[PDB]
There are 2 protein chains.
Amino acid sequence: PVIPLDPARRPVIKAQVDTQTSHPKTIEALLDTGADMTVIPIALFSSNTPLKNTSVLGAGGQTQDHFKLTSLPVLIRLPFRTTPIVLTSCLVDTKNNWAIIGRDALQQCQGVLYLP
Amino acid sequence: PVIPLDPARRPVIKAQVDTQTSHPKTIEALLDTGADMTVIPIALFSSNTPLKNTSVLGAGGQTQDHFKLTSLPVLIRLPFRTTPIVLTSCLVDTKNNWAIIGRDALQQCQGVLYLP
Ligand SMILES: CC(C)[C@@H](C)NC(=O)[C@H]1N(C(=O)[C@@H](O)[C@H](Cc2ccccc2)NC(=O)[C@@H](NC(=O)[C@@H](N)c2ccccc2)C(C)(C)C)CSC1(C)C
């Protein structure tokens, strides 16, 4: 789809995320060209699975604590596309339950920014 | 133009920014569909400029002091357009002097995300 851009309305998509540690869930995610790597809420993973420690710099400062890194690839299905996005690794939000589609996923989408 | 999306390459643009507190200056900004509001460096202003205090939520945390709000509109010229973008207010990065074009600016550009 062509997705308009409006400061008042977050550009969002429904995505089916498979962490390969539990059952795939459909979630609302932010479409974010400023994000190097996709961010999945920890709730989509099983309590036991191993995650990796990581340090993340973003607008609020630097955090050692808030995000982890996955140990398995993550599979993402977007409504219009039959072919699943395959992410070797992404970030995992242990706190604020953020779901954010970054440029790693948008690349495999063939997503572009267009400014006339 | 059409900007392709790549996790290994930040989509950046050259932008002439006018704070209305000195002369127009060129910066390199990140084109960011996850940004509610535009972010410009404090380095554009002289030491003594009236800015407002503000609270900002990012991936690094909530911060009540890294960012200020401008008192006057900001004028922004992009290479591929003649008419300036005029933002009524925007964010000022006092900490890391980041430069981020957000959805406020992208709306005045008729910028879109396109996913095939
Ligand atoms: C998201 C991760 C991959 C992280 C490592 N990367 C980054 O964060 C990169 N950025 C991005 O990826 C941006 O699109 C972020 C996305 C974000 C928004 C709220 C909580 C968490 C993440 N946007 C912001 O930080 C922006 N904050 C907002 O727009 C704020 N109003 C907000 C609060 C809750 C939910 C949506 C929006 C500002 C400060 C730039 C205006 C801006 S700074 C960055 C390093 C270039």
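Everything in this summary refers to the structure shown in the same document. (Residues numbered from 1 in each chain as written, not as in the entry; some residues may be left out. Chains lettered and ligands numbered in written order. Heavy atoms only, no water.)

We now examine the site of the ligand. With respect to spatial proximity, 23 residues lie near the ligand, and among them A:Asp32, B:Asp32, B:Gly34, B:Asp36 and B:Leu57 are the closest. More than one chain reaches the ligand: its neighbouring residues belong to chains A and B. In this structure, B:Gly34 approaches the ligand through a main-chain N or O atom, which is 3.2 Å from a nitrogen atom. B:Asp36 places a polar side-chain atom, nitrogen or oxygen, 2.7 Å from a nitrogen atom of the ligand. In terms of residue count, the dominant contributor to the shell around the ligand is strand β6 (residues 56-58) of chain B (3 residues). (Near = heavy atom within 4 Å. Polar contact = N/O pair within 3.5 Å; in protein donor to acceptor, adjacent residues only side chain to side chain. Helix = DSSP H or I, 4+ residues; strand = E, 2+ residues; numbered from the N terminus.)

With that settled, consider the interface of chain B and chain A. Frequently, the measure chosen for interface size is the accessible area that the parts lose on association. At the junction of the two partners, chain B supplies 40 residues and chain A supplies 40 residues. Approximately 3,900 Å² of surface area, both sides summed, lies buried where chain B meets chain A, with 62% of it carried by carbon and sulfur atoms. Counting the surface chain B buries against chain A, the share from its top three residues, B:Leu5, B:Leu113 and B:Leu115, is 19%. Connecting chain B to chain A are 1 salt bridge. A salt bridge links A:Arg10 to B:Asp36, with the nearest nitrogen and oxygen atoms 2.8 Å apart. Among the secondary structure elements, those contributing two or more residues to the side of chain B that touches chain A are β1 (2-4), β3 (25-31), β6, β7 (61-63), α1 (103-108) and β13 (112-114) of chain B. Here the side of chain B that touches chain A takes 4 residues from α1(B), the largest share from any one element. When the residues that make up the side of chain B that touches chain A are grouped by side-chain class, the tally is 22 nonpolar, 10 polar and 8 charged. (Contact = heavy atoms within 4.5 Å. Buried area = accessible area lost by both parts, 1.4 Å probe. Salt bridge = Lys/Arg side-chain N within 4 Å of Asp/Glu carboxyl O. Nonpolar A, V, L, I, M, F, W, Y, C, P; charged D, E, K, R; others polar.)

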